[PDB]
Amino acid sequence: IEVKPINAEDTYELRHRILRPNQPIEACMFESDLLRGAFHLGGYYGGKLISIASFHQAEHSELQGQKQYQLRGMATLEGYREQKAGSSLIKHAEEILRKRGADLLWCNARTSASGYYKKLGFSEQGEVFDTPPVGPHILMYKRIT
């Protein structure tokens, strides 16, 4: 797996295929992509972009840490899961975030992926909530100080 920078526009296809296939493509054009300091990483395997992850600065009112980043659009293509593609993106992002002085990385995780974030050392906070039309989510975070 090779981790490389990618542009926001490079994430839309996999966001649409994996996360939001039953909505128009504009639903994958996350407004947070246009927030200050946003960046995106791709995981490449055998000539193909097969994993994506997007990050931007956002402080959650219920999490503690002066500088925080949110993860959006975490996805790995079927066929290429279980190869540490996603973990590789998160670890590479943690380097970038640590270098920027970020204290914490958080995600409104799909509950179906909660065990993935747990393996990466994230904790859950609060309760499960629903996010139309993409189902149950739970706040998860990782302190990176």
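When you see a residue number, it is the position in the sequence shown, counting from 1.
Mean CA B-factor, 101-109 versus 23-31: the higher value falls on 23-31.
Legend: mean Cα B-factor per stretch from the PDB entry, 74-82 versus 51-59; the higher mean is in 74-82. In the PDB entry, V3 places in the middle third of its chain by CA B-factor.
The PDB entry assigns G46 a C-alpha temperature factor belonging to the middle third of its chain's modelled residues. In the PDB entry, a CA B factor belonging to the middle third of its chain's modelled residues is recorded for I18. In the PDB entry, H40 places in the lowest third of its chain by CA B-factor.
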